[PDB]
Amino acid sequence: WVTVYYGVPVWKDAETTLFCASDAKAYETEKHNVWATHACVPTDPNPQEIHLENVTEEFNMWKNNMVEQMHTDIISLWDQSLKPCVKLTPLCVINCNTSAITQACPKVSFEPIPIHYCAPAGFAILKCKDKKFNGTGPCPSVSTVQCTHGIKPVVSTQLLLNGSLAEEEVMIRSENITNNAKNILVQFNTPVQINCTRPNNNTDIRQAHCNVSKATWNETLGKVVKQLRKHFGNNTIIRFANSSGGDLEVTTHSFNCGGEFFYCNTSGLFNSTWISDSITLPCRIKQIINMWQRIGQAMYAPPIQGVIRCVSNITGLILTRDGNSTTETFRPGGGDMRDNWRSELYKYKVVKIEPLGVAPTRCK
Amino acid sequence: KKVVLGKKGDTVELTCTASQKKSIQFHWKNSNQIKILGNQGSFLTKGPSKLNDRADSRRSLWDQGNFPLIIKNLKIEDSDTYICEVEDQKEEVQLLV
Amino acid sequence: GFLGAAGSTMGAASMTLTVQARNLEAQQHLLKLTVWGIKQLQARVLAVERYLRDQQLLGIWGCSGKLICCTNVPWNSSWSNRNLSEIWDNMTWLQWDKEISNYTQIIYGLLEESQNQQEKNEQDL
Amino acid sequence: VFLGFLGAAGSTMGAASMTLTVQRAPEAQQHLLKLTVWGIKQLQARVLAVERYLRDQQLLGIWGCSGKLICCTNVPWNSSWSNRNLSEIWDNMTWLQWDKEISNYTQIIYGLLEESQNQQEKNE
Amino acid sequence: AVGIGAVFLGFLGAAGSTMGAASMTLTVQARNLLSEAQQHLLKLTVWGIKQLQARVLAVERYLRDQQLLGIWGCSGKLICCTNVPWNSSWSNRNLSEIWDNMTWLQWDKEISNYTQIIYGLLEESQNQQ
Ligand SMILES: *[C@@H]1O[C@H](CO)[C@@H](O[C@@H]2O[C@H](CO)[C@@H](O[C@@H]3O[C@H](CO)[C@@H](O)[C@H](O[C@H]4O[C@H](CO)[C@@H](O)[C@H](O)[C@@H]4O[C@H]4O[C@H](CO)[C@@H](O)[C@H](O)[C@@H]4O)[C@@H]3O)[C@H](O)[C@H]2NC(C)=O)[C@H](O)[C@H]1NC(C)=O
Ligand SMILES: *[C@@H]1O[C@H](CO)[C@@H](O)[C@H](O)[C@H]1NC(C)=O
Ligand SMILES: *[C@@H]1O[C@H](CO)[C@@H](O)[C@H](O)[C@H]1NC(C)=O
Ligand SMILES: *[C@@H]1O[C@H](CO)[C@@H](O)[C@H](O)[C@H]1NC(C)=O
Ligand SMILES: *[C@@H]1O[C@H](CO)[C@@H](O)[C@H](O)[C@H]1NC(C)=O
Ligand SMILES: *[C@@H]1O[C@H](CO)[C@@H](O)[C@H](O)[C@H]1NC(C)=O
Ligand SMILES: *[C@@H]1O[C@H](CO)[C@@H](O)[C@H](O)[C@H]1NC(C)=O
Ligand SMILES: *[C@@H]1O[C@H](CO)[C@@H](O)[C@H](O)[C@H]1NC(C)=O
Ligand SMILES: *[C@@H]1O[C@H](CO)[C@@H](O)[C@H](O)[C@H]1NC(C)=O
Ligand SMILES: *[C@@H]1O[C@H](CO)[C@@H](O)[C@H](O)[C@H]1NC(C)=O
Ligand SMILES: *[C@@H]1O[C@H](CO)[C@@H](O)[C@H](O)[C@H]1NC(C)=O
């Protein structure tokens, strides 16, 4: 004999279509700041973060639905912003016809602005207000909020640029560690700085150098090797390494600095086997690139004349292991762009509140 | 277990097939669990194996679900079985020189 | 609009389940307040229309208006028959909601018919 | 409660009573003004659609059967109110054709149907 | 507040009338009482929101009474009778002294010392039953 109720604090975990909310400007012609006026509402003027009292909820990071909601829109952002001159998407029907295409392609400006992902009517967003949350499992102090923090859609491989940093020690999160097929998203507790300048001597045009401090990088990776021995043994001799190979976009730390796609060289950045000045990254502006939005190459205009620079805040390390014993080889990875934003949407979850239960009391 | 016979130095196509046809992440390992290939989004990523300069895949077929591995310069010490992990279905394929 | 209060105990919910309704200049950004004035008001008409569309279900099962209603559909054994003591003692309403997965869809299907059987019972006397 | 809620006016009233219970740059810097202004039009239509539901739950409450979809009452039919054979007006007739028939007496049915609850309020 | 704001004013129509003649017309009245330029459009919308931040307030103030009537048994009924016995300790007056020579306002000056106790007795009487 069941008893229907209509007051229960019961929420499901549902999936819906969120709406963006960015701090736009509506006069600037920066190509992010012209999309953010077109498909984003402004920032919520009165934001409210109610802290739930004593509820613990089993989150999950790798099966989130915001990080495939986010991936639909930065695919839709890099189709209005950076229109290449020649684009070859492999349409197929071995008989795959490399369908060329052409359009206008002027040089534009490009910088990531923070974008909040809000929740529609009837849904909530449950923040994981903790410090040691390893991505999967019960968050203890789950608050609630309507919109996420300022997340900037910076697309890069091998190094999560410009992202937020952990207030506690260096976090290490993978979907299944000791799988040797899943990336290991390290997240920094301090912002390692990196300059990336194209010089002004007009002789090469497409050649740049990137300076990272030797004091900060040997100390920050000195923190990472300690907590990597937490999920591993205590006396493992881990070996950092160069990236293995593949395409240029994942062998080398690639990004886009003001409209020109840099391709750096982090072989001197992972060159140490761990036990118990300024590094110079030889970069190169490329012009025939692969695309991360889909399969297919794309060609752009030559770079602009003046000095090109962007000082940054590497706050992430998408490493990758390989399975021989008593050691570990940790070469860098990244490239699947969903890992570039689930490093920043890990403490969020969209739910909906369903207030109708049928408890046992066995009445009549 | 499927077995594919390639003689010497040629190119084989150790096929592997998905269902939903949307280029999900796969990999290719061996008996000691060492990575041969790897999909990363829309790019490709090798691993520290013996086929480091010998492995490649047909990129245009990933959108249809077929995720093959094509090894060139087939030497003698590549005889093993290979593990293609599409979603969970580790479809093993063995190779003989 | 009828939300919850923190969960955190099944038995202490049913005491406080009643009391949630038993007693009770900018001029510069006129798009930051007008867009978010609708989105904070579209979420107050939905909290009214979800109440009226859920008093419509309890109107079908004869439970319209009553918060804690009692009905004549017996427990099958195949709906995760746990201990009836410790359900109310140390459990949250979230944890009980996981304890039935797909039986909620077939619990509701009997209550639509048991009232229609009771519709064919009260008019057959 | 909605306004585009029943656009399922089919043919069989017996089937209609069955489904009676089961229920990119166009901007030019003005696309935040199109979605704000017509956001109000979708809110002045939904709120009035609520207050039509509450205006009718008081009218079904005077007839005693409030909060319920199919209201069965205790007053019989007549001969003036299109005395058909309960087959031509229940299996092959749309509701719009049925509403057009008894429209002369809908204001006359509602008077006595109020009185049939007041008699059931006398035995209390 | 044009929808259900004019209903609350219509409740006070027969104030000061006697208690029998005011309760007799509850059923009668409730059926009858429930019956752009450039600079303009970013100000004429706040005149459309503020006229809906009070019209919705007339809805969720009216439904906070039917959620209260529904706890005490009858929901949707205006005149409704309950299985709870009237203690004479509330007021020691016969019914001849009540529905003939009193107005509804004098009850708030008579039973509001006890009017939170009656609301608890009306709760359990339609809870266990
Ligand atoms: C991480 O976050 C930081 C913080 O935002 C990012 O660093 C910023 O990066 C942008 C671009 O990389 C940079 O913006 C430039 O600032 C210069 C002044 O500081 C501007 O002069 C410059 O404008 C010119 O360059 C644009 C490039 O497309 C042109 O489109 C634009 O019209 C301007 O062009 C004029 O000048 C050039 C010569 O430079 C000439 O050829 C043209 O004809 C024209 O005359 C940019 O706006 C910010 O200054 C950086 N911020 C800081 C603090 O340094 C960083 O990019 C983020 N990381 C990643 C990976 O994105
Ligand atoms: C926290 O949990 C304890 C468990 O004993 C409970 O008694 C307490 O009420 C909870 N805190 C709050 C604020 O509800
Ligand atoms: C993680 O990977 C290891 C190695 O294959 C495996 O044994 C383990 O079952 C995996 N974890 C899960 C939850 O599948
Ligand atoms: C980078 O470092 C080298 C050596 O320290 C120095 O010569 C060069 O000028 C630096 N470049 C920038 C842009 O700081
Ligand atoms: C980067 O450049 C800025 C200014 O050019 C300088 O203040 C900062 O110290 C540099 N950082 C590194 C790590 O070289
Ligand atoms: C600097 O790097 C070396 C290895 O390259 C390491 O052994 C040393 O401990 C580092 N310095 C500090 C202060 O940690
Ligand atoms: C980086 O990779 C290239 C080719 O894969 C290799 O020649 C080079 O030695 C690597 N760098 C280091 C430091 O191993
Ligand atoms: C740069 O990359 C080449 C191969 O791409 C590698 O051989 C070399 O060691 C790298 N050098 C640095 C300083 O990263
Ligand atoms: C990088 O590694 C090579 C060989 O692995 C070594 O010769 C070189 O000194 C290293 N450079 C630094 C800065 O440690
Ligand atoms: C990098 O991080 C530091 C935090 O200490 C911040 O002050 C600085 O503005 C950041 N630089 C950016 C976002 O370009
Ligand atoms: C429409 O009419 C056809 C033919 O009479 C019938 O088969 C069909 O069920 C009807 N559909 C609806 C939705 O009324």
# chains A, B, ... in the order shown; residues from 1 in each chain; ligands from 1
call {"tool": "select_by_dssp", "arguments": {"residues": "chain C", "states": "alpha helix (DSSP H)", "output": "VMD selection string"}}
result
chain C and resid 10 to 16 19 to 22 35 to 38 42 to 52 55 to 60 86 to 89 93 to 99 104 to 122
call {"tool": "closest_atom_pairs", "arguments": {"of": "chain A", "to": "chain D", "cutoff": "12 Å", "atoms": "only C-alpha atoms", "output": "tab-separated table"}}
result
residue	atom	partner	partner_atom	distance
A:25	CA	D:29	CA	11.5
A:26	CA	D:29	CA	7.8
A:27	CA	D:29	CA	9.6
A:34	CA	D:29	CA	9.9
A:35	CA	D:25	CA	9.2
A:36	CA	D:32	CA	11.4
A:37	CA	D:29	CA	8.1
A:38	CA	D:27	CA	6.9
A:39	CA	D:32	CA	9.0
A:40	CA	D:32	CA	8.9
A:41	CA	D:32	CA	7.7
A:42	CA	D:32	CA	9.9
A:76	CA	D:24	CA	9.5
A:77	CA	D:24	CA	10.4
A:79	CA	D:24	CA	9.8
A:80	CA	D:24	CA	8.0
A:81	CA	D:24	CA	11.4
call {"tool": "residues_near_ligand", "arguments": {"ligand": "ligand 6", "cutoff": "6 Å", "atoms": "only C-alpha atoms and all ligand atoms", "output": "count of residues only"}}
result
4
call {"tool": "closest_residue", "arguments": {"among": "A:348, A:263, A:292, A:6", "to": "ligand 8", "atoms": "only C-alpha atoms and all ligand atoms"}}
result
A:263
call {"tool": "residues_around", "arguments": {"residues": "residue 26 (chain B)", "least_positions_apart": "2", "cutoff": "6 Å", "atoms": "only C-alpha atoms", "output": "ChimeraX atom specification"}}
result
/B:39,85-86
call {"tool": "write_last_selection", "arguments": {"atoms": "C-alpha atoms", "output": "PDB file, in the first residue's frame"}}
result
ATOM      1  CA  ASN B  39      42.561   9.141 -31.832  1.00  0.00           C
ATOM      2  CA  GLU B  85      38.916  -0.258 -28.177  1.00  0.00           C
ATOM      3  CA  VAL B  86      36.051   1.563 -29.880  1.00  0.00           C
TER       4      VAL B  86
END
call {"tool": "interface_residues", "arguments": {"of": "chain E", "to": "chain A", "cutoff": "12 Å", "atoms": "only C-alpha atoms", "output": "mmCIF file with N, CA and C atoms, in the first residue's frame"}}
result
data_model
loop_
_atom_site.group_PDB
_atom_site.id
_atom_site.type_symbol
_atom_site.label_atom_id
_atom_site.label_comp_id
_atom_site.auth_asym_id
_atom_site.auth_seq_id
_atom_site.Cartn_x
_atom_site.Cartn_y
_atom_site.Cartn_z
ATOM 1 N N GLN E 67 -3.500 25.844 -1.479
ATOM 2 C CA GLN E 67 -2.606 24.911 -0.804
ATOM 3 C C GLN E 67 -2.877 24.843 0.686
ATOM 4 N N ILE E 71 -4.954 21.294 2.558
ATOM 5 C CA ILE E 71 -4.474 20.584 3.737
ATOM 6 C C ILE E 71 -5.641 20.229 4.647
ATOM 7 N N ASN E 127 -5.829 14.643 8.145
ATOM 8 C CA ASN E 127 -4.566 13.959 7.896
ATOM 9 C C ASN E 127 -4.700 12.457 8.118
ATOM 10 N N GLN E 128 -5.126 12.056 9.313
ATOM 11 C CA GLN E 128 -5.325 10.645 9.601
ATOM 12 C C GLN E 128 -6.589 10.088 8.960
ATOM 13 N N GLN E 129 -7.626 10.902 8.798
ATOM 14 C CA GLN E 129 -8.853 10.450 8.155
ATOM 15 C C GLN E 129 -8.666 10.335 6.648
#
call {"tool": "closest_atom_pairs", "arguments": {"of": "chain C", "to": "chain E", "cutoff": "8 Å", "atoms": "only C-alpha atoms", "output": "tab-separated table"}}
result
residue	atom	partner	partner_atom	distance
C:1	CA	E:60	CA	7.5
C:21	CA	E:67	CA	6.8
C:22	CA	E:68	CA	6.1
C:24	CA	E:64	CA	7.8
C:30	CA	E:42	CA	6.5
C:31	CA	E:42	CA	7.8
C:34	CA	E:46	CA	6.5
C:37	CA	E:49	CA	7.1
C:38	CA	E:49	CA	7.1
C:41	CA	E:53	CA	7.3
C:44	CA	E:56	CA	7.9
C:45	CA	E:56	CA	7.3
C:48	CA	E:60	CA	7.3
C:64	CA	E:70	CA	8.0
C:65	CA	E:70	CA	4.5
C:66	CA	E:71	CA	5.7
C:67	CA	E:71	CA	7.0
C:68	CA	E:127	CA	7.7
call {"tool": "write_last_selection", "arguments": {"atoms": "N, CA, C and O atoms", "output": "PDB file, in the first residue's frame"}}
result
ATOM      1  N   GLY C   1       4.620  27.839  -6.443  1.00  0.00           N
ATOM      2  CA  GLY C   1       5.981  27.347  -6.350  1.00  0.00           C
ATOM      3  C   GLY C   1       6.212  26.600  -5.059  1.00  0.00           C
ATOM      4  O   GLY C   1       5.947  27.125  -3.982  1.00  0.00           O
ATOM      5  N   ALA C  21       4.126  24.987   3.279  1.00  0.00           N
ATOM      6  CA  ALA C  21       2.961  25.784   2.916  1.00  0.00           C
ATOM      7  C   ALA C  21       1.862  25.790   3.971  1.00  0.00           C
ATOM      8  O   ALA C  21       0.783  26.322   3.696  1.00  0.00           O
ATOM      9  N   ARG C  22       2.093  25.225   5.160  1.00  0.00           N
ATOM     10  CA  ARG C  22       1.064  25.195   6.192  1.00  0.00           C
ATOM     11  C   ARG C  22       0.908  26.530   6.898  1.00  0.00           C
ATOM     12  O   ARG C  22      -0.146  26.786   7.489  1.00  0.00           O
ATOM     13  N   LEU C  24       3.258  29.634   5.677  1.00  0.00           N
ATOM     14  CA  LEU C  24       3.678  30.635   4.702  1.00  0.00           C
ATOM     15  C   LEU C  24       4.531  29.984   3.618  1.00  0.00           C
ATOM     16  O   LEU C  24       5.345  29.105   3.901  1.00  0.00           O
ATOM     17  N   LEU C  30      19.868  48.818 -19.073  1.00  0.00           N
ATOM     18  CA  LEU C  30      18.476  48.448 -19.272  1.00  0.00           C
ATOM     19  C   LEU C  30      18.339  47.193 -20.118  1.00  0.00           C
ATOM     20  O   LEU C  30      17.252  46.904 -20.625  1.00  0.00           O
ATOM     21  N   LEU C  31      19.432  46.458 -20.300  1.00  0.00           N
ATOM     22  CA  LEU C  31      19.392  45.109 -20.832  1.00  0.00           C
ATOM     23  C   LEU C  31      19.875  44.079 -19.834  1.00  0.00           C
ATOM     24  O   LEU C  31      19.514  42.910 -19.957  1.00  0.00           O
ATOM     25  N   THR C  34      16.471  43.880 -17.846  1.00  0.00           N
ATOM     26  CA  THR C  34      15.275  43.528 -18.596  1.00  0.00           C
ATOM     27  C   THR C  34      15.320  42.105 -19.126  1.00  0.00           C
ATOM     28  O   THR C  34      14.281  41.442 -19.206  1.00  0.00           O
ATOM     29  N   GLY C  37      15.160  40.033 -16.002  1.00  0.00           N
ATOM     30  CA  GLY C  37      13.920  40.240 -15.298  1.00  0.00           C
ATOM     31  C   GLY C  37      12.879  39.325 -15.881  1.00  0.00           C
ATOM     32  O   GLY C  37      11.909  38.980 -15.212  1.00  0.00           O
ATOM     33  N   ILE C  38      13.073  38.924 -17.132  1.00  0.00           N
ATOM     34  CA  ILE C  38      12.175  37.954 -17.741  1.00  0.00           C
ATOM     35  C   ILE C  38      12.575  36.540 -17.352  1.00  0.00           C
ATOM     36  O   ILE C  38      11.724  35.714 -17.008  1.00  0.00           O
ATOM     37  N   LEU C  41      11.407  35.702 -14.156  1.00  0.00           N
ATOM     38  CA  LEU C  41       9.956  35.658 -14.127  1.00  0.00           C
ATOM     39  C   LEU C  41       9.392  34.555 -15.006  1.00  0.00           C
ATOM     40  O   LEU C  41       8.294  34.070 -14.732  1.00  0.00           O
ATOM     41  N   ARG C  44       9.116  31.753 -12.614  1.00  0.00           N
ATOM     42  CA  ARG C  44       8.058  31.820 -11.621  1.00  0.00           C
ATOM     43  C   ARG C  44       6.692  31.509 -12.194  1.00  0.00           C
ATOM     44  O   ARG C  44       5.763  31.268 -11.423  1.00  0.00           O
ATOM     45  N   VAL C  45       6.535  31.529 -13.513  1.00  0.00           N
ATOM     46  CA  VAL C  45       5.315  31.014 -14.113  1.00  0.00           C
ATOM     47  C   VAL C  45       5.433  29.515 -14.329  1.00  0.00           C
ATOM     48  O   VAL C  45       4.440  28.786 -14.268  1.00  0.00           O
ATOM     49  N   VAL C  48       4.549  27.795 -11.255  1.00  0.00           N
ATOM     50  CA  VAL C  48       3.112  27.738 -11.053  1.00  0.00           C
ATOM     51  C   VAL C  48       2.486  26.688 -11.951  1.00  0.00           C
ATOM     52  O   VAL C  48       1.662  25.891 -11.501  1.00  0.00           O
ATOM     53  N   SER C  64      -5.983  14.720  -5.050  1.00  0.00           N
ATOM     54  CA  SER C  64      -5.857  16.139  -5.371  1.00  0.00           C
ATOM     55  C   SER C  64      -5.931  17.002  -4.120  1.00  0.00           C
ATOM     56  O   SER C  64      -6.941  17.001  -3.411  1.00  0.00           O
ATOM     57  N   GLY C  65      -4.865  17.748  -3.861  1.00  0.00           N
ATOM     58  CA  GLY C  65      -4.849  18.712  -2.784  1.00  0.00           C
ATOM     59  C   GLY C  65      -4.091  18.232  -1.569  1.00  0.00           C
ATOM     60  O   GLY C  65      -3.379  19.005  -0.926  1.00  0.00           O
ATOM     61  N   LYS C  66      -4.239  16.954  -1.248  1.00  0.00           N
ATOM     62  CA  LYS C  66      -3.575  16.399  -0.080  1.00  0.00           C
ATOM     63  C   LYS C  66      -2.090  16.234  -0.354  1.00  0.00           C
ATOM     64  O   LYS C  66      -1.698  15.675  -1.381  1.00  0.00           O
ATOM     65  N   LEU C  67      -1.263  16.745   0.558  1.00  0.00           N
ATOM     66  CA  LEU C  67       0.179  16.560   0.445  1.00  0.00           C
ATOM     67  C   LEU C  67       0.553  15.100   0.657  1.00  0.00           C
ATOM     68  O   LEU C  67       1.207  14.486  -0.191  1.00  0.00           O
ATOM     69  N   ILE C  68       0.122  14.522   1.771  1.00  0.00           N
ATOM     70  CA  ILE C  68       0.417  13.133   2.110  1.00  0.00           C
ATOM     71  C   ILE C  68      -0.879  12.361   1.919  1.00  0.00           C
ATOM     72  O   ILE C  68      -1.689  12.236   2.835  1.00  0.00           O
TER      73      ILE C  68
END
call {"tool": "residues_around", "arguments": {"residues": "region 56-64 of chain B", "least_positions_apart": "5", "cutoff": "7 Å", "atoms": "only C-alpha atoms", "output": "PyMOL selection string"}}
result
(chain A and resi 90+96) or (chain B and resi 21-23+69-71)
call {"tool": "write_last_selection", "arguments": {"atoms": "N, CA and C atoms", "output": "PDB file, in the first residue's frame"}}
result
ATOM      1  N   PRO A  90      36.685  16.091 -45.883  1.00  0.00           N
ATOM      2  CA  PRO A  90      36.544  14.838 -46.635  1.00  0.00           C
ATOM      3  C   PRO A  90      35.136  14.275 -46.623  1.00  0.00           C
ATOM      4  N   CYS A  96      36.320   8.701 -51.169  1.00  0.00           N
ATOM      5  CA  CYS A  96      36.008   9.889 -50.387  1.00  0.00           C
ATOM      6  C   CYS A  96      36.458  11.116 -51.168  1.00  0.00           C
TER       7      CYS A  96
ATOM      8  N   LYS B  21      28.708   5.654 -36.098  1.00  0.00           N
ATOM      9  CA  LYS B  21      29.380   6.391 -37.178  1.00  0.00           C
ATOM     10  C   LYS B  21      29.545   7.879 -36.851  1.00  0.00           C
ATOM     11  N   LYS B  22      30.300   8.162 -35.784  1.00  0.00           N
ATOM     12  CA  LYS B  22      30.507   9.558 -35.413  1.00  0.00           C
ATOM     13  C   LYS B  22      31.912   9.844 -34.889  1.00  0.00           C
ATOM     14  N   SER B  23      32.887   8.982 -35.207  1.00  0.00           N
ATOM     15  CA  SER B  23      34.316   9.189 -34.925  1.00  0.00           C
ATOM     16  C   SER B  23      34.607   9.323 -33.433  1.00  0.00           C
ATOM     17  N   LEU B  69      43.936   0.392 -38.947  1.00  0.00           N
ATOM     18  CA  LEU B  69      45.352   0.634 -38.715  1.00  0.00           C
ATOM     19  C   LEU B  69      46.121   0.099 -39.911  1.00  0.00           C
ATOM     20  N   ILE B  70      47.013   0.917 -40.456  1.00  0.00           N
ATOM     21  CA  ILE B  70      47.781   0.573 -41.645  1.00  0.00           C
ATOM     22  C   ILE B  70      49.253   0.657 -41.284  1.00  0.00           C
ATOM     23  N   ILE B  71      49.913  -0.496 -41.216  1.00  0.00           N
ATOM     24  CA  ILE B  71      51.334  -0.577 -40.908  1.00  0.00           C
ATOM     25  C   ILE B  71      52.105  -0.746 -42.204  1.00  0.00           C
TER      26      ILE B  71
END
call {"tool": "residues_around", "arguments": {"residues": "residue 68 (chain A)", "least_positions_apart": "2", "cutoff": "12 Å", "atoms": "only C-alpha atoms", "output": "short mmCIF file (atom, residue, chain, number, x, y, z; two decimals) with N, CA, C and O atoms, in the first residue's frame"}}
result
data_model
loop_
_atom_site.label_atom_id
_atom_site.label_comp_id
_atom_site.auth_asym_id
_atom_site.auth_seq_id
_atom_site.Cartn_x
_atom_site.Cartn_y
_atom_site.Cartn_z
N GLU A 15 19.13 16.31 -18.57
CA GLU A 15 19.91 16.93 -19.62
C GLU A 15 19.01 17.89 -20.38
O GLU A 15 17.89 17.54 -20.74
N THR A 16 19.50 19.10 -20.62
CA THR A 16 18.72 20.11 -21.32
C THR A 16 19.66 20.99 -22.12
O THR A 16 20.88 20.78 -22.15
N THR A 17 19.08 21.99 -22.78
CA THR A 17 19.83 22.92 -23.62
C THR A 17 20.04 24.24 -22.87
O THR A 17 19.13 25.06 -22.74
N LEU A 18 21.24 24.41 -22.35
CA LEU A 18 21.57 25.61 -21.59
C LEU A 18 21.74 26.79 -22.53
O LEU A 18 21.84 26.65 -23.75
N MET A 61 32.41 13.42 -13.85
CA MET A 61 33.08 14.42 -14.67
C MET A 61 33.11 14.05 -16.13
O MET A 61 33.01 14.93 -16.99
N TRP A 62 33.22 12.77 -16.43
CA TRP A 62 33.51 12.31 -17.77
C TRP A 62 32.26 11.99 -18.57
O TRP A 62 32.37 11.71 -19.77
N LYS A 63 31.09 12.03 -17.95
CA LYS A 63 29.83 11.83 -18.64
C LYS A 63 28.91 13.03 -18.45
O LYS A 63 27.69 12.90 -18.41
N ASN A 64 29.51 14.21 -18.31
CA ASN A 64 28.77 15.45 -18.20
C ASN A 64 28.10 15.79 -19.52
O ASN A 64 28.50 15.34 -20.59
N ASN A 65 27.04 16.59 -19.43
CA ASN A 65 26.35 17.05 -20.62
C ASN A 65 26.55 18.53 -20.89
O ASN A 65 26.04 19.05 -21.88
N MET A 66 27.27 19.24 -20.03
CA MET A 66 27.63 20.60 -20.37
C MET A 66 28.83 20.64 -21.30
O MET A 66 28.92 21.54 -22.14
N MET A 70 28.93 22.64 -24.51
CA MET A 70 29.92 23.66 -24.78
C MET A 70 30.60 23.42 -26.12
O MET A 70 30.85 24.37 -26.87
N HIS A 71 30.86 22.16 -26.45
CA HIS A 71 31.56 21.81 -27.68
C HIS A 71 30.74 22.11 -28.92
O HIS A 71 31.31 22.24 -30.00
N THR A 72 29.43 22.20 -28.80
CA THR A 72 28.59 22.56 -29.93
C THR A 72 28.70 24.04 -30.27
O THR A 72 28.52 24.41 -31.43
N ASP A 73 29.07 24.88 -29.31
CA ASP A 73 29.05 26.32 -29.52
C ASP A 73 30.40 26.91 -29.88
O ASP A 73 30.44 27.89 -30.62
N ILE A 74 31.50 26.35 -29.40
CA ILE A 74 32.82 26.78 -29.87
C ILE A 74 33.16 26.15 -31.21
O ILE A 74 34.03 26.66 -31.93
N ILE A 75 32.49 25.06 -31.59
CA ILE A 75 32.48 24.69 -33.00
C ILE A 75 31.72 25.73 -33.80
O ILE A 75 32.16 26.16 -34.87
N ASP A 336 41.83 16.16 -28.04
CA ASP A 336 40.39 15.99 -27.94
C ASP A 336 39.87 17.16 -27.14
O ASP A 336 40.14 17.26 -25.94
N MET A 337 39.13 18.06 -27.79
CA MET A 337 38.87 19.36 -27.17
C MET A 337 37.87 19.30 -26.05
O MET A 337 37.72 20.31 -25.36
N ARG A 338 37.20 18.17 -25.82
CA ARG A 338 36.31 18.06 -24.67
C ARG A 338 37.09 18.04 -23.37
O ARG A 338 36.58 18.46 -22.33
N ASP A 339 38.34 17.57 -23.40
CA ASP A 339 39.20 17.64 -22.23
C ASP A 339 39.65 19.05 -21.93
O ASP A 339 40.06 19.34 -20.80
N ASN A 340 39.60 19.94 -22.91
CA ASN A 340 39.98 21.33 -22.70
C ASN A 340 38.94 22.12 -21.95
O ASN A 340 39.24 23.24 -21.51
N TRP A 341 37.72 21.60 -21.79
CA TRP A 341 36.69 22.30 -21.05
C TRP A 341 36.12 21.50 -19.89
O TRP A 341 35.61 22.11 -18.95
N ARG A 342 36.23 20.18 -19.91
CA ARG A 342 35.92 19.45 -18.69
C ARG A 342 37.02 19.56 -17.65
O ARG A 342 36.85 19.07 -16.53
N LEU A 345 34.85 22.62 -16.29
CA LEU A 345 33.47 22.35 -15.91
C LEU A 345 33.37 21.06 -15.11
O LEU A 345 32.48 20.25 -15.34
#
call {"tool": "residues_near_ligand", "arguments": {"ligand": "ligand 9", "cutoff": "9 Å", "atoms": "only C-alpha atoms and all ligand atoms", "output": "number ranges by chain"}}
result
A: 241, 267-272, 279
call {"tool": "write_last_selection", "arguments": {"atoms": "N, CA and C atoms", "output": "PDB file, in the first residue's frame"}}
result
ATOM      1  N   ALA A 241      58.957  12.996 -20.907  1.00  0.00           N
ATOM      2  CA  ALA A 241      59.443  12.682 -22.239  1.00  0.00           C
ATOM      3  C   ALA A 241      58.880  13.664 -23.249  1.00  0.00           C
ATOM      4  N   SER A 267      59.860  20.267 -26.205  1.00  0.00           N
ATOM      5  CA  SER A 267      60.796  19.189 -25.911  1.00  0.00           C
ATOM      6  C   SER A 267      61.716  19.556 -24.761  1.00  0.00           C
ATOM      7  N   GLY A 268      62.049  20.834 -24.625  1.00  0.00           N
ATOM      8  CA  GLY A 268      62.817  21.280 -23.485  1.00  0.00           C
ATOM      9  C   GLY A 268      62.006  21.501 -22.235  1.00  0.00           C
ATOM     10  N   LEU A 269      60.684  21.408 -22.342  1.00  0.00           N
ATOM     11  CA  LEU A 269      59.800  21.616 -21.208  1.00  0.00           C
ATOM     12  C   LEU A 269      59.517  20.337 -20.440  1.00  0.00           C
ATOM     13  N   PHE A 270      59.724  19.178 -21.066  1.00  0.00           N
ATOM     14  CA  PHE A 270      59.564  17.871 -20.433  1.00  0.00           C
ATOM     15  C   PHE A 270      60.836  17.095 -20.750  1.00  0.00           C
ATOM     16  N   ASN A 271      61.874  17.316 -19.948  1.00  0.00           N
ATOM     17  CA  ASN A 271      63.198  16.775 -20.233  1.00  0.00           C
ATOM     18  C   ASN A 271      63.873  16.309 -18.953  1.00  0.00           C
ATOM     19  N   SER A 272      63.129  15.642 -18.076  1.00  0.00           N
ATOM     20  CA  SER A 272      63.671  15.337 -16.760  1.00  0.00           C
ATOM     21  C   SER A 272      63.067  14.060 -16.205  1.00  0.00           C
ATOM     22  N   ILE A 279      63.778  28.935 -20.317  1.00  0.00           N
ATOM     23  CA  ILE A 279      63.724  28.006 -21.436  1.00  0.00           C
ATOM     24  C   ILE A 279      63.133  28.728 -22.641  1.00  0.00           C
TER      25      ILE A 279
END
